[PDB]
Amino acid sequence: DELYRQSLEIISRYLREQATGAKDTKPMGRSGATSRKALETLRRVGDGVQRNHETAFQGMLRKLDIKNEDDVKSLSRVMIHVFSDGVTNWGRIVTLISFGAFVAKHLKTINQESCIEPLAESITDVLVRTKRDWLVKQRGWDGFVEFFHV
């Protein structure tokens, strides 16, 4: 509920900022501090994942054939690949969000920017429904920031 709202806030803003290059300075939700720290963390670690795995991201996007809202409302397969062994950690969660940013950039390229928001929902959706129990035990997005603190 609040975990969903916060996760959606963070993932929606990262994907929009990655696709447009413009920071959304409109105010945050109730938990502004945690979400702003999580977004700053994604700007570091998420951008690096895209740089390292650009070829593999291109191949997976090519295999998924994402081009519309229906394709956007169906990020399985990525959920298979990032959690094929079924193990959950913050690095794999980051990699899922990083691929979402990679798809959002492509949606901007083919003039489908309206699909970026439903992309953030389905990624947030499959993340929270599948890993809720794990996300709560790791103290949510504060544990995310503290893990990647550096």
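Take the two forms, superpose them, and find the largest set of C-alpha atoms that agree within 1.5 Å; that set is the rigid core. In case it trips you up, residue 1 is the first one in the sequence shown, and so on.
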Response to the item:
Per-stretch CA RMS vs shown form in 6 other deposited structures of this protein, rigid core as reference, larger of 52-60/82-90 is 82-90
Discussion item. Root mean square C-alpha distance from this form after a core fit in 6 other deposited structures of this protein: higher for 33-41 or for 111-119?
Written reply: 111-119
Response to the item:
As the entry reports it, the stretch among 92-100 and 108-116 with higher mean C-alpha B factor is 108-116
Worksheet item: So 118-126 or 63-71, which one's hotter by mean CA B-factor in the entry?
Response: 63-71
Practice prompt. Please work out which residue in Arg30, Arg51, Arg36, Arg43 has the highest C-alpha B-factor recorded for this crystal structure.
Written response: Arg30
Response to the item:
So, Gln138's CA B-factor, relative to its chain, sits in which third? The middle
Worksheet item: By the record's CA B-factor, is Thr25 among the lowest, middle or highest third of residues in the chain?
Response: highest
Response to the item:
Entry-reported C-alpha B-factor of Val145 relative to its chain, by third, is middle
